[PDB]
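Okay, so we've got a single protein chain in two different forms coming up as structure tokens, structure 1 first and structure 2 after it.
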Structure 1
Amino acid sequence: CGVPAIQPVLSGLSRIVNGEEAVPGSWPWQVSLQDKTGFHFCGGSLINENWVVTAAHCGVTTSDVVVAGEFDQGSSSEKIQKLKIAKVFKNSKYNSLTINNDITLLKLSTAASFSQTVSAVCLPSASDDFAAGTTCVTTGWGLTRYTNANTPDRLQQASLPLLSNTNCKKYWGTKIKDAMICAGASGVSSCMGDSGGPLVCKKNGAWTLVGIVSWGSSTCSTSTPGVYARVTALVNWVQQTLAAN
């Protein structure tokens, strides 16, 4: 888990504005959700070859499909895996107004073949403690929501820091709950992360999933932080589900 076959290269440009492109395959547990029509609509993480973490509010259903091993969303050459979901597990506690508890698992039909460019992230322990001020990374094709506005068909990356839930508050007041976690503000956007996209952190040589793109800056401001699923808080769940299925 969390030890890519292709170790990612992160420049400082990763630290400002709208981040920077990623080395292709640099982030393998990274997936995309496409609907029927095939609209890349959400982001996710392989925590295994049978399961996918994701943001609750992505309201994914078995109609959607998981895309894997992608890099540039505008490529047919891709040696990508398109996977079907068997069943879909939204955290029962998922609040829809606050968007607190924003998580949901995807247990696939067929199991995804891992690979160099295909694998999973590591999950924290509830116990884990990613101090505030930690440098993390968010990746995605969020900036692509810019249809006429854009950036890269290609996965971008960004390096932002962990926040105190308090300081975070200084930006979103109460929106911010105990199961959330914010990262950003450091003069670089976060809109590069799709929803359900990952916010991982290193430590002990591994990239561990720390949170999940919940929501952030209407305007992609570089002064506003991002909100994510406080994974630590959401992990037992995971585990539990993971067992019982």
Structure 2
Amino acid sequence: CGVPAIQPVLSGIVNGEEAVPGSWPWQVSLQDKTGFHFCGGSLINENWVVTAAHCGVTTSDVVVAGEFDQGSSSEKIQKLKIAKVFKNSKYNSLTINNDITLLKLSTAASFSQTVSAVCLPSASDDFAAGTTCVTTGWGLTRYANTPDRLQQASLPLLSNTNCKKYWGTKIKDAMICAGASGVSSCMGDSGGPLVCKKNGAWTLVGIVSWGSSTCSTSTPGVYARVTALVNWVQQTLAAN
């Protein structure tokens, strides 16, 4: 897990940049039945995708893997049906806390150079404030259509104390902030990954969740804190 066959390249989503095609192979696009992209997600193995609960995914939507340019027909993409949706029961529609949903596919994704899994952390992993990580997706590049090509951005993790100086009590323990650094997640990025590179491998630290209603690049983005939710993830996989 967490080792793209095609190496991402970063300069070191608003004010992001274009991904090397295929370089974030756990990234999926969640599309409705009329074909519109509404959220992102991440492959965590060949049968399961993790995304955000507020994305409201149903068995009518589909998971699209292996995609780079949504305006292109030259990509060998996989249009994967969803067998069942598992929204975290503790998801709070009020505070957007515990913002995570698992999707079990009707048929397994076929892993390839351009399609493979991100690593998941253990509940006790520590991803230090100030760590430079990466987020990706097809959300808007300016706060109106979503961009055709996959975007990426590097951005620093914030401490929750420092994140609270912007957002106050809206920040819960099951959230982690990142950004306020010249880039911003934006509409259509939800449910996609925030990854940090731990031990030569990319690990899912955050799920794109919420932030500035205008995708301001000077305020922190907020992400579902995967370490706080990964025990629920493992129990859901085990039981279903």
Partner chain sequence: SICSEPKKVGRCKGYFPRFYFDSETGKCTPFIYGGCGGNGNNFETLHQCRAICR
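All residue numbers here refer to structure 1's sequence, counted from 1. Think of the rigid core as the biggest set of C-alphas that the two forms share within 1.5 Å after superposition.
Query - Between structure 1 and structure 2, the form solved in complex with its partner chain - result: Comparing the pair, one sees that structure 2 is the form solved in complex with its partner chain and the remaining one is not.
Report task. Superpose on the rigid core, then report which one of 214, 30, 54, 190 has a CA displacement of at least 2 angstroms between the two structures. Result -> Residue with a C-alpha shift of 2 Å or more: 190.
Query raised in the report: Can you give the C-alpha shift of residue 73 between the two structures in Å, rounded to one decimal, after superposing the rigid core?
Result: The shift comes out to 1.4 Å.
Query raised in the report: So, with the core fitted, how far does residue 163 move at its Cα between the two structures, in angstrom?
Result: For residue 163, the C-alpha ends up 0.5 Å from its position in the other form.
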